[PDB]
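FYI the Cβ positions are ideal-geometry reconstructions off the backbone, even for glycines, and counts take in every protein chain you see. Values quoted throughout were computed directly from the atomic coordinates according to the rules given, and no laboratory measurement underlies them.
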Amino acid sequence: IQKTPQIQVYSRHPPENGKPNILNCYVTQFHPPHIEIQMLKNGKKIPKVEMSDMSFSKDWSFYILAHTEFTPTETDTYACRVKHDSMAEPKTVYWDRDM
Amino acid sequence: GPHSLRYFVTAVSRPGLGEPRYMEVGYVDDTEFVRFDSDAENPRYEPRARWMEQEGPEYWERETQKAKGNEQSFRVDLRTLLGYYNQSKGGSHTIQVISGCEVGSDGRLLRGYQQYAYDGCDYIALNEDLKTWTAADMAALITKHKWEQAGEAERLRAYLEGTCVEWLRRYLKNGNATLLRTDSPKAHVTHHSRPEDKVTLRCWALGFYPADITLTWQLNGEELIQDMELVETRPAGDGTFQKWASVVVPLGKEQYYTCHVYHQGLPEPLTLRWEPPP
Amino acid sequence: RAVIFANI
């Protein structure tokens, strides 16, 4: 009865090193609605992570948008880690500036 | 054009962690305009679009009292379902509902919706005739029988043809100017190295609204299907959407490929190629 | 305006 979350990690605007932006972690296709979303900077937890109110689709699966303020650099690594009961372990998805 | 008023409702039990969490979300033509969230001391129906702010205190009061009533009905429904399925008391369960109307340009009802799900699976739904119910399993047949006797379909039909249609008209008089918002996509092509003599061309569509869009890649007047990568349309978080489509192409052959962007805000679809910077 | 739901 459980649905595995699909994850997308990407910036609000095309990324430019040294220019403020927003990093998004869009999580969809999950059930039950209980989910734990963490955004990571160089493997460490980002404190100020804003969450959208949770909504669901016609197919009954839930979706939520998590975001954070960030200034990209050439070497900083960003990721979104998701913990949901449909998975045996947390799922990590790295930000790829080209995607 | 056609218009819709739909309420997406969720009740989630959390044994020991408190009372079930209850949500009522209203959408006018796919846009969220009102929200009730039980997870508060004095919870209230809230506007989610600025054009709803004009509704007076009697409106907010009636909707709040009604949502708290529905919340209590779903709290009972959660206990009733545990019995129907023979489930233990300590597990978290979900009830979801989609309720509302779709009306045509002529003001006539096109579709009425009253669909229930239990633990993310169809439970019971009002059929298109607005007279009969489709029960997904054994437990839903108990609900079907109860609702057939009580004349539930007829009560719902009165709501869908009356209140729902009438209230959608009211909301559309308020939100129509904002609701008809169309932001055309702004498109660009990016170039990325691949191993050997290959490159990736990624066609981007940004800042568009509504979310419905189509991106294609063409080579020699034919659309590329196999070997074309895409991402699901996604929110930028500022009210606009993003999408990309990419293809792996031979190095030196970038100008043989064209990206096409199709959107309602595009009288003419966008046609673009990789433009190597100056 | 949301409907008044009936118990299941």
(request) Could you run through segment A:84-97 and say how many residues are within 20 Å of B:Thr233 (Cα to Cα) and surrounded by 13 or more Cβ atoms within 10 Å (Cβ to Cβ)? (result) 3
(message) Out of the residues in segment B:126-161 meeting the condition of being at the interface with chain C (Cβ under 10 Å from one of its Cβ atoms) and among the β-branched types (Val, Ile, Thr), tell me which one is surrounded by the fewest Cβ atoms within 10 Å (Cβ to Cβ).
(response) B:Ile142
(request) Give the residues of segment B:89-125 that are more than 8 Å from every other protein chain (Cβ to nearest Cβ), closer than 20 Å to B:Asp30 by Cα and aromatic (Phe, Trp, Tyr), sorted by residue number. (result) B:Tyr113
(request) Can you confirm whether segment A:64-72 contains a residue that is within 20 Å of A:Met99 (Cβ to Cβ), away from chain B (no Cβ under 11 Å), crowded, with 18+ Cβ neighbours inside 10 Å and free of Cβ contacts under 8 Å to residues at least 60 places away in the same chain? (result) yes
(request) May I ask you to verify whether A:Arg81 is in contact with an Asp or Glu (Cβ under 9 Å, 6 or more places away or on another chain), among the basic types (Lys, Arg) and either touching a residue at least 24 places away in the same chain (Cβ under 8 Å) or surrounded by fewer than 17 Cβ atoms within 10 Å (Cβ to Cβ) (or both)? (result) yes
(request) Output the residues belonging to segment A:12-29 that are more than 9 Å from chain B (Cβ to nearest Cβ) and either farther than 19 Å from B:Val231 by Cα or buried (at least 21 other Cβ atoms within 10 Å of the Cβ) (or both). (result) A:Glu16, A:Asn17, A:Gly18, A:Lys19, A:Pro20, A:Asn21, A:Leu23, A:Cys25, A:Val27
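Just to verify a result, which residue in segment B:9-48, among those that are charged (D, E, K, R), in contact (Cβ under 8 Å) with a residue 40 or more places away in the chain and in a loop (DSSP other than H, G, I, E, B), is nearest to B:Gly90 (Cα to Cα)?
Our first condition is that a residue be charged (D, E, K, R); within segment B:9-48, this holds for B:14, B:19, B:21, B:24, B:29-30, B:32, B:35, B:37, B:39, B:41, B:44, B:46, B:48.
Still in the running and in contact (Cβ under 8 Å) with a residue 40 or more places away in the chain: B:14, B:19, B:24, B:29-30.
Cutting the leftovers down to in a loop (DSSP other than H, G, I, E, B) gives us B:14, B:19, B:29-30.
On the way: B:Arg14: 8, B:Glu19: 13, B:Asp29: 38, B:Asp30: 35 Å.
Among those that are charged (D, E, K, R), in contact (Cβ under 8 Å) with a residue 40 or more places away in the chain and in a loop (DSSP other than H, G, I, E, B), it is B:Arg14.
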(message) Taking the criterion of being closer than 30 Å to B:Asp77 by Cβ and of a type in the set (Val, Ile, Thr), would at least one residue in segment B:181-191 satisfy it?
(response) no
